[PDB]
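Below, each chain spelled out in residue letters.
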Amino acid sequence: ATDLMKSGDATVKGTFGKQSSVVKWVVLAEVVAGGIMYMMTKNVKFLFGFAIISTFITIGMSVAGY
Amino acid sequence: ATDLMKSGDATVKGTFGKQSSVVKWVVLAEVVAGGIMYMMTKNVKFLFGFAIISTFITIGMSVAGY
Amino acid sequence: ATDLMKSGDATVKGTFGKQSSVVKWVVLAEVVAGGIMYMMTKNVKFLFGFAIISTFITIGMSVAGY
Amino acid sequence: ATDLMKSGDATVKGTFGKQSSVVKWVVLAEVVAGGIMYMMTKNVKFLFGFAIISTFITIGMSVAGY
Amino acid sequence: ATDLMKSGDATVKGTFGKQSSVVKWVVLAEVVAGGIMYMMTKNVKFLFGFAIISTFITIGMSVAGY
Amino acid sequence: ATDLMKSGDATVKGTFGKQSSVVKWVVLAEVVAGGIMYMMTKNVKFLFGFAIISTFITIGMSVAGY
Amino acid sequence: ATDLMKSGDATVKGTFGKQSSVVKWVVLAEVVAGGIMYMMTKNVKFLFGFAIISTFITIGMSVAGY
Amino acid sequence: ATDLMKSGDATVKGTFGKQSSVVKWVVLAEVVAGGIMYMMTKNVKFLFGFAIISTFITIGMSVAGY
Amino acid sequence: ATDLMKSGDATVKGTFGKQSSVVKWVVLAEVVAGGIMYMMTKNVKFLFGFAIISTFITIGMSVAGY
Amino acid sequence: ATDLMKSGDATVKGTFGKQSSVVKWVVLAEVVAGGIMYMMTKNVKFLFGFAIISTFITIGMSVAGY
Amino acid sequence: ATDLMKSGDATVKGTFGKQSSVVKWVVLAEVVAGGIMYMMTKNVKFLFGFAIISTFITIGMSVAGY
Amino acid sequence: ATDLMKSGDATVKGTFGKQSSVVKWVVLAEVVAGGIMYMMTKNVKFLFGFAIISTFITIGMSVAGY
Amino acid sequence: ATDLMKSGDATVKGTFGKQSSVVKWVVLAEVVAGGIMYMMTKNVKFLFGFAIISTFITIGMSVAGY
Amino acid sequence: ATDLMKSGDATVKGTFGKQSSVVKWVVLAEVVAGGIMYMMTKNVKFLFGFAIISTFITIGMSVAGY
Amino acid sequence: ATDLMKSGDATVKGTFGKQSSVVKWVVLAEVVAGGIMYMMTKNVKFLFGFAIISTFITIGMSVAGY
Amino acid sequence: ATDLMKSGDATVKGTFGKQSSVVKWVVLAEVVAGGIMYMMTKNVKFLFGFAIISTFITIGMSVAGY
Amino acid sequence: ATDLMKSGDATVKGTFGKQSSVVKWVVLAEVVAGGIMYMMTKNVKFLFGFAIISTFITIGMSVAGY
Amino acid sequence: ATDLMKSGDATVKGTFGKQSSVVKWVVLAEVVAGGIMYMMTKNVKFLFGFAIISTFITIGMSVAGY
Amino acid sequence: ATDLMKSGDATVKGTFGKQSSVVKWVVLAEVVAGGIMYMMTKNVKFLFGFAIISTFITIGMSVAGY
Ligand SMILES: CCCCCCCCCCCCCCCC(=O)OC[C@H](COP(=O)(O)OC[C@@H](O)CO)OC(=O)CCCCCCCCCCCCCCC
Ligand SMILES: CCCCCCCCCCCCCCCC(=O)OC[C@H](COP(=O)(O)OC[C@@H](O)CO)OC(=O)CCCCCCCCCCCCCCC
Ligand SMILES: CCCCCCCCCCCCCCCC(=O)OC[C@H](COP(=O)(O)OC[C@@H](O)CO)OC(=O)CCCCCCCCCCCCCCC
Ligand SMILES: CCCCCCCCCCCCCCCC(=O)OC[C@H](COP(=O)(O)OC[C@@H](O)CO)OC(=O)CCCCCCCCCCCCCCC
Ligand SMILES: CCCCCCCCCCCCCCCC(=O)OC[C@H](COP(=O)(O)OC[C@@H](O)CO)OC(=O)CCCCCCCCCCCCCCC
Ligand SMILES: CCCCCCCCCCCCCCCC(=O)OC[C@H](COP(=O)(O)OC[C@@H](O)CO)OC(=O)CCCCCCCCCCCCCCC
Ligand SMILES: CCCCCCCCCCCCCCCC(=O)OC[C@H](COP(=O)(O)OC[C@@H](O)CO)OC(=O)CCCCCCCCCCCCCCC
Ligand SMILES: CCCCCCCCCCCCCCCC(=O)OC[C@H](COP(=O)(O)OC[C@@H](O)CO)OC(=O)CCCCCCCCCCCCCCC
Ligand SMILES: CCCCCCCCCCCCCCCC(=O)OC[C@H](COP(=O)(O)OC[C@@H](O)CO)OC(=O)CCCCCCCCCCCCCCC
Ligand SMILES: CCCCCCCCCCCCCCCC(=O)OC[C@H](COP(=O)(O)OC[C@@H](O)CO)OC(=O)CCCCCCCCCCCCCCC
Ligand SMILES: CCCCCCCCCCCCCCCC(=O)OC[C@H](COP(=O)(O)OC[C@@H](O)CO)OC(=O)CCCCCCCCCCCCCCC
Ligand SMILES: CCCCCCCCCCCCCCCC(=O)OC[C@H](COP(=O)(O)OC[C@@H](O)CO)OC(=O)CCCCCCCCCCCCCCC
Ligand SMILES: CCCCCCCCCCCCCCCC(=O)OC[C@H](COP(=O)(O)OC[C@@H](O)CO)OC(=O)CCCCCCCCCCCCCCC
């Protein structure tokens, strides 16, 4: 291959792909955010956000390939 | 593994997962919020919010994996 | 433990759990609210609210664990 | 040919064209960015950005020829 | 399955379906409400409400599937 | 196809279409809402809402195609 | 033609025109939004919004040409 | 003519005039924006924006001469 | 046809037209209401209401076309 | 014509004019509403409402031109 | 004339004047709104609104000159 | 005169004075805005706004001298 | 005079003073409102409102000076 | 005097003091507002507002000194 | 004295102290603001603001020494 | 004393304490309000409000110390 | 002591502690607010607010230590 | 020790730790803020904020170690 | 070893690692910042920031090795 930077996928996928700790933390953050904002406001949009983010990331990562 | 940040789960799960003190505090806050807002308004939605949040967090955390 | 915030339960439970002064004050507020609103309107719902709040908080706090 | 620098396309295309690791990383970054910014703000524009970037790069690279 | 949120039925059905404690409590509330409002007003509609709610929930839950 | 985002239907339909857990939960919520609001107010509109929502979603989803 | 960017219509129409997955998802979102907001508020405007959006997009896309 | 840059109109008009792919894409973007923002907020201004932009561009381009 | 919502008649007529279970239930409710209110008051208007409602619905549905 | 939005009448008339499914559904709703509210209250105004709405829509649509 | 923007009246009048499709749609919307809100509430103000809007627009457009 | 910019009044008055197409368009916009917002809300302030704007502009332009 | 806005009285008095078309329309509206609300409710207050408004405006305008 | 801005009172008092056209217009607006809101709602507070504003401005301006 | 800027009090006090034209204008502005906002909203807070500002400035200036 | 704002009591007590013109005006307003609302509704609560407000202010001001 | 800012308590306590003029003014404001809002609305909550604020401040200041 | 900056704790703890004048002032500020905002709005959240801040700081400082 | 700068870790770790006075001061700063910003705005994000920073630093320092 001529892609001089090709080897970087091992750690980029490791750290930033769907299964990485960083991605999992972002999803976790929504569960917590949903809980506290709903508690505070009772606005149902805060609960739907969880399903939305999980769906978004799932599609995004599939398309990105990571 | 190639996930350079993998070790962070020990404290992220500790502090922000289902069993953490932060999550428990958010649930507690609803019990109190339910009580005072119902006292103030007598609007039953304030009481249902407790069951809703507990259910939401339970599902969310299971899905998040924490 | 890995829960970096674990120590906070001593005062959170103290101040916001079932036996705290804050919770007791909310219950007291209903007794007073019940009395004055019933006096004003004679609508029996104002009297039932006391039993409802006491029951709600009792269940909520048990579930929350505080 | 008289293009003294012609041979450079092998690595430029390898590293910076549509299929390179660099380009893939930029797309991945949007998936992550979308996720975290939506989590933070709930502003839907953050989710649309993914489809926009993928579309943009696809067109751009086709036109550029890489 | 592709329903990313599928696992949530275990607790949603548990807590909010026909046999849950929440639903049973709502029905109980009508028995009490019927009793006190009839006592107060002698308007027979308060007694019929019990049969109506029980019938409604039975049909609703069957249709909802919970 | 030229629709760069086409693959997303597998999970969007799974999670948000007519048969998904999210949609079923919204319908369930009406059964419960109908029950409690009718109990509270005896206003028949709360009972009709169930048939209305079920009908609405059925038509909407058919038209949306999910 | 002199439109240097002309080729972009293949994917723009694919991803953002009337028949694309993105557009279909927006319509689906209204069915769900209609359902939950009507459930919550019983305000009929939430149901009419579905017919309105479908009509709007149909006209808009025809005029846009996508 | 003495306008040293005169020849540029062939591609400027091609790419940036009324009939170009760029202009069409901007109009399309409003149809989509209108749809999603109305879905989110139900604020009618989002629907009127389509007619406004189409009208604006039509006048603007006529005056500009492209 | 240009009526984007045309397909909805299959279930609207099914659920809300003259022969639907909802309509039949409303008529049944009058038989019961007539019986109990006449029992309570001996006011003949309660008995005539049955013939009136049946007649009303019959005409109304014919005119509505369902 | 200079009305840039002229083509929209095909679907607006289809979906929202006198003969559309939406309009027919609104009329049907009155037949049902009349029936149930009269059953509940015996207030004759509920029966007259049907003739009133049919008359209103007939005049309104004629004037609107749809 | 010195009004650099004068030519815009051809489409502004076409799209936004009294006879345009946009204006007709707004009037139609009242017929529908009147019908459904009267059905829901039986408040006569909803019926008068039609005559009011038609009168308002007629005067307004005459004064505006479109 | 010493006003180096004096000649600009020919087009400023043409385009931005009382009789210009821009000013007429702003007034037209109120007729439309009044109509749609009144339709939506039935708040009479939306109708008075037309007379207010016409009056305001008339006074303003007289004072400005354009 | 130093009142920079003094000239505005010609049209303010014309349009909004006692003899203006706007004021006359408000009075007319009461005659109609009185008629329809009395027809609907037979509550005499609706008839007295006419004399009250006429008296109010007469005094108000005299005091205002318009 | 050392008040560098002292001369401004000639026009400030002219335009914004008790006797100015601006102040008179605000008072007039209440007469009209009172009339229309009372017509609409029959809530007597709308009539008292006139006496209140006149009294308020009279006191305010005396104190302000304009 | 060693205060190199001491002489500035003659005009600062003149222009910005309690008795200056600037301060008087700010107070006047409240009388007008109170009047128009109360006219618009009937919210009594707009009337109290006058007494509040006068009191505030009086105390503030005394403390400032100007 | 170290209370930098201490001097403000002279005017705060003057304007807002028990004997001030503002407080007297609020009490007067109740006499008038009582009169007109009783005239309108014959609901005795409007008359008791006078004794209640006078009593409230008397106690409040004593406690406040003004 | 090592608290470099320690001396600030003399004036902070003076101006912002329980006995300061600022705190007394806030309490006074409630007496007035209670009076006027009760006069306006007859909602008893406005009267209870006085006892609530006095109690709150008393506890708060004790805990704060000022 | 190798911490070249170690000596700074004497004044950092003095000025910014739990017992410092700065921290005490922040807590005091909430008592005052609670009082005035509750007075203004009657929104109970303003009162709870005191207990929340005291609890937060107590936990935070313990964890920080100051 | 060939790392000519190796000895620097004694003071770098001392001053800038997890246990240093500098790091502790940054954490302390958040406790204070959280307190004051929450006091000012009541936005819960200010309280969560403490747990977030503590968690971040803990992970970061572990990974850095200091
Ligand atoms: C430090 C303690 C944290 C747990 C406290 C929970 C016990 C008390 C909570 C409820 C009392 C509030 C009044 C009830 C309900 C109420 O009326 O107030 C809710 C109110 C927000 O209401 P909004 O302004 O959205 O409401 C608008 C309308 O609803 C007006 O009524 O104030 C809050 O934000 C309370 C939440 C504070 C944050 C609570 C959760 C804290 C989560 C983070 C835990 C800390 C992690 C970091 C630790 C260092
Ligand atoms: C500092 C004292 C806190 C406890 C006070 C309780 C004793 C008195 C309570 C009831 C008297 C009110 C009149 C009764 C009933 C009544 O008519 O008023 C209820 C009224 C709210 O009513 P809404 O405006 O929702 O009602 C709308 C309609 O119902 C109109 O009637 O005012 C309140 O919010 C009272 C609650 C104040 C907050 C009370 C709970 C405080 C919880 C926090 C405890 C403090 C924690 C922080 C400590 C620093
Ligand atoms: C925690 C306990 C929940 C179950 C309590 C049921 C037993 C007692 C219920 C009836 C006594 C009320 C007086 C009877 C009838 C009565 O006169 O009061 C009904 C009254 C509401 O009446 P409205 O104000 O609509 O009435 C207007 C006119 O009818 C005036 O008469 O108050 C309520 O909302 C009671 C409902 C409280 C909520 C009850 C259902 C709770 C559902 C949620 C269950 C909890 C899930 C969360 C758990 C943490
Ligand atoms: C996690 C569980 C979600 C499903 C829960 C459904 C079972 C219980 C629902 C009804 C109990 C509420 C009391 C009944 C009725 C009632 O009185 O409360 C309705 C009330 C809203 O009422 P408003 O404040 O609009 O009412 C104003 C007036 O009507 C006052 O009466 O509270 C809600 O928003 C309840 C909806 C919570 C959201 C329910 C739907 C959730 C959809 C999303 C599903 C989750 C997707 C994400 C999963 C992670
Ligand atoms: C990835 C999935 C995208 C499609 C999801 C649609 C199914 C579920 C949607 C509705 C559930 C929300 C709750 C209903 C309704 C509801 O209550 O929430 C609406 C709420 C916004 O409401 P506002 O805050 O404006 O409301 C203010 C007041 O109305 C408060 O009630 O949250 C949203 O923005 C939802 C929209 C998320 C975005 C949905 C459209 C996504 C378009 C882009 C598609 C993706 C393209 C990129 C793909 C990578
Ligand atoms: C789920 C079952 C629905 C059908 C039940 C019909 C059989 C029993 C009906 C009559 C027994 C009531 C006592 C008789 C007569 C009586 O005295 O009570 C009538 C009473 C209302 O009376 P008002 O309060 O207007 O009366 C004021 C004065 O007349 C006082 O006497 O209560 C009702 O609203 C009953 C109607 C419940 C709704 C019945 C119709 C339901 C239509 C919707 C069908 C469901 C569609 C959704 C399905 C999920
Ligand atoms: C694309 C189609 C546009 C014409 C549609 C008209 C036919 C149906 C309209 C009425 C059905 C709504 C339910 C009736 C009445 C009803 O209950 O809903 C009215 C409701 C707004 O009500 P609010 O929320 O102000 O009401 C508060 C309280 O009244 C609650 O009841 O929703 C709307 O905004 C409807 C208006 C949508 C916009 C309609 C006008 C569109 C003008 C622009 C035309 C398009 C120009 C751009 C074209 C690309
Ligand atoms: C190119 C055409 C310009 C004239 C168009 C006028 C006909 C249609 C106007 C009203 C339809 C909007 C919906 C009605 C009312 C409505 O609901 O929308 C008003 C809405 C703004 O509302 P806000 O967001 O401030 O409202 C906040 C709340 O009121 C939410 O309801 O959108 C606009 O800004 C419309 C104005 C567009 C600009 C109109 C004036 C253009 C002036 C410049 C003229 C052009 C000079 C340059 C020419 C090249
Ligand atoms: C363009 C025409 C303006 C004049 C129309 C007057 C003739 C018809 C008026 C009464 C018919 C309404 C039904 C009667 C009575 C009735 O039942 O409806 C009154 C109803 C408002 O009632 P609320 O909703 O406050 O009532 C609550 C309860 O009373 C429910 O019954 O609707 C209105 O706001 C009508 C007023 C429209 C505005 C009328 C005055 C217009 C003033 C501005 C004049 C225009 C200046 C700008 C010109 C461009
Ligand atoms: C240029 C003319 C200015 C004077 C016009 C006064 C005559 C007509 C006024 C009342 C008709 C409005 C409908 C009545 C009452 C009504 O229902 O509408 C009041 C309404 C505001 O109501 P809100 O939206 O606060 O009401 C919320 C609820 O009350 C809903 O009912 O609209 C206005 O803001 C009207 C005020 C326009 C501004 C009037 C004062 C102008 C002061 C400045 C004078 C100009 C100085 C600059 C000159 C260049
Ligand atoms: C040159 C004249 C300066 C004095 C003018 C005072 C008389 C009229 C003032 C009130 C009419 C405004 C409408 C009332 C109230 C109103 O509704 O408008 C208030 C509005 C600001 O409101 P916001 O946008 O903050 O309001 C947000 C919400 O309240 C929306 O309602 O506009 C202003 O800023 C007016 C202030 C202009 C500045 C006035 C003070 C000038 C101080 C400086 C004096 C000059 C020193 C330099 C001299 C060269
Ligand atoms: C400048 C004069 C201030 C004192 C005026 C008092 C004499 C007349 C008062 C009562 C006549 C109102 C009709 C009676 C009763 C009535 O029906 O109207 C009460 C009504 C408010 O009622 P709501 O809209 O809350 O009522 C909802 C339902 O009760 C509908 O009936 O209007 C007011 O807000 C009147 C209060 C104006 C403010 C009065 C107090 C002013 C306090 C400040 C004093 C000024 C300090 C600043 C000076 C520059
Ligand atoms: C020098 C004194 C410092 C302590 C003063 C505390 C006593 C009074 C505090 C509250 C009165 C404010 C009005 C209450 C509440 C209120 O309504 O105002 C809060 C307001 C900020 O509100 P926002 O603009 O975020 O609010 C947006 C909306 O809430 C609008 O309501 O103003 C402030 O920032 C006050 C804080 C000043 C800073 C106070 C803390 C000082 C910490 C530093 C201590 C000094 C260290 C250096 C010493 C040299």
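Residues numbered from 1 in each chain as written, not as in the entry; some residues may be left out. Chains lettered and ligands numbered in written order. Part of a larger assembly, values for the part shown. Heavy atoms only, no water.

Method of determination, as given in the entry header: cryo-EM; reported resolution: 3.9 Å.

Let us look at the interface of chain A and chain D. Tallying the contact residues gives 25 residues for chain A and 21 residues for chain D. A buried area of about 2000 Å², summed over both sides, lies between chain A and chain D, and 76% of it is on carbon and sulfur atoms. Of all residues in chain A, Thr2(A), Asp3(A) and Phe56(A) bury the most surface against chain D, accounting for 26% of the area lost on that side. The tally of links between chain A and chain D comes to two salt bridges. Measuring nitrogen to oxygen at the nearest pair gives 3.2 Å for the salt bridge that ties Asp9(A) to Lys24(D). Applying the counting rule to chain A against chain D returns eight residue pairs in polar contact. Those elements that provide at least two residues to the side of chain A that touches chain D are α1 (9–16), α2 (21–41) and α3 (45–64) of chain A. Sort the elements by how many residues they give to the side of chain A that touches chain D and α3(A) lands first, with 10 residues. For the side of chain A that touches chain D, the per-class residue count stands at 17 nonpolar, four polar and four charged. (Contact = heavy atoms within 4.5 Å. Buried area = accessible area lost by both parts, 1.4 Å probe. Salt bridge = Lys/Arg side-chain N within 4 Å of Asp/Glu carboxyl O. Polar contact = N/O pair within 3.5 Å; in protein donor to acceptor, adjacent residues only side chain to side chain. Helix = DSSP H or I, 4+ residues; strand = E, 2+ residues; numbered from the N terminus. Nonpolar A, V, L, I, M, F, W, Y, C, P; charged D, E, K, R; others polar.)

Turning our eyes to something else, we now look at the packing of aromatic side chains. Taken as a whole and judged by the stated rule, the model has 14 aromatic pairs over all chains. Where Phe56(A) meets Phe50(D), the ring centres are 6.3 Å apart and the plane angle is 85°; that geometry is what we call edge-to-face. Taken together, the positions of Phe56(A) in helix α3 and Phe50(D) in helix α3 (residues 45–64) put the pair across two chains. Taking relative accessible area as the criterion, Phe50(D) reaches 1% and is therefore assigned buried. (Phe/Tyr/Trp six-rings, centres within 6.5 Å; stacked < 30°, edge-to-face > 60°. Buried < 20%, exposed > 50% of the residue type's maximum accessible area, 1.4 Å probe, protein only.)

To continue, consider helix α2 (residues 21–41) of chain H. Side chains that are three or four residues apart share a direction in an α-helix, a result of its 3.6 residues per turn. The terminal C-alpha atoms of α2(H) lie 30 Å apart, and with 21 residues this matches the ideal 30 Å at 1.5 Å per residue to within 8%. A positive phi of about 60° marks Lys42(H), the residue just after α2(H). (Expected span 1.5 Å × (residues − 1).)

Quick look at the site of ligand 6 now. What surrounds ligand 6 is a group of 21 residues, the closest being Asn43(E), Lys45(E), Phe48(E), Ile36(J) and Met40(J). A distance of 3.1 Å separates an oxygen atom of ligand 6 from a polar side-chain atom of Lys45(E). One of the backbone N or O atoms of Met40(J) is found 3.3 Å from an oxygen atom in ligand 6. Taken by itself ligand 6 offers 1100 Å² of open surface, and the protein chains cover 80% of this. Counting residues per element, the ones that place at least two in the shell around ligand 6 are α3 (45–64) of chain E, α3 (45–64) of chain F, α2 (21–41) of chain I together with α2 (21–41) of chain J. With six residues, α2(I) is the single largest residue contributor to the shell around ligand 6. By residue class, the composition of the shell around ligand 6 is 17 nonpolar, three polar and one charged. (Near = heavy atom within 4 Å. Areas by Shrake-Rupley, 256 points an atom, 1.4 Å probe, with all protein chains shown as cover.)

Quick look at the packing of helix α2 (residues 21–41) of chain P against helix α2 (residues 21–41) of chain Q now. In contact at an axis separation of 10 Å, α2(P) and α2(Q) are set at 20° when each is read in the N-to-C sense. Taken as axis vectors, α2(P) and α2(Q) run roughly parallel relative to one another. Every pair of crossing elements has a handedness; the one defined by α2(P) and α2(Q) is left-handed. Judged by residue contacts, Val23(P), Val26(P), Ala29(P), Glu30(P) and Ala33(P) of α2(P) engage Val32(Q), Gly35(Q), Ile36(Q) and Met39(Q) from α2(Q). (Axes fitted to C-alpha atoms, helices over the stretch in contact; angles between N-to-C directions. Parallel < 35°, antiparallel > 145°, perpendicular 65-115°, else oblique. Left-handed = near helix turned anticlockwise from the far one by under 90°.)

As a matter of local geometry, ligand 9 sits amid 21 residues, with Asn43(K), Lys45(K), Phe48(K), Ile36(N) and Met40(N) nearest to it. Residues close to ligand 9 are split across chains K, L, M and N. Contact distances for ligand 9 include 3.3 Å between an oxygen atom and a backbone N or O atom of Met40(N). Within the complex, the protein chains bury 80% of what would otherwise be the 1100 Å² of accessible surface of ligand 9. Of all elements in the fold, only α3 (45–64) of chain K, α3 (45–64) of chain L, α2 (21–41) of chain M together with α2 (21–41) of chain N reach the threshold of two or more residues within the shell around ligand 9. Top element by residues in the shell around ligand 9 is α2(M). It accounts for six residues.

So, on to the arrangement of the chains. At their nearest point, the C-alpha atoms of chain C and chain L are still 33 Å apart, with no contact between the two. One thing to see here is that chain E and chain L don't touch, and their nearest C-alpha atoms sit 34 Å from each other.

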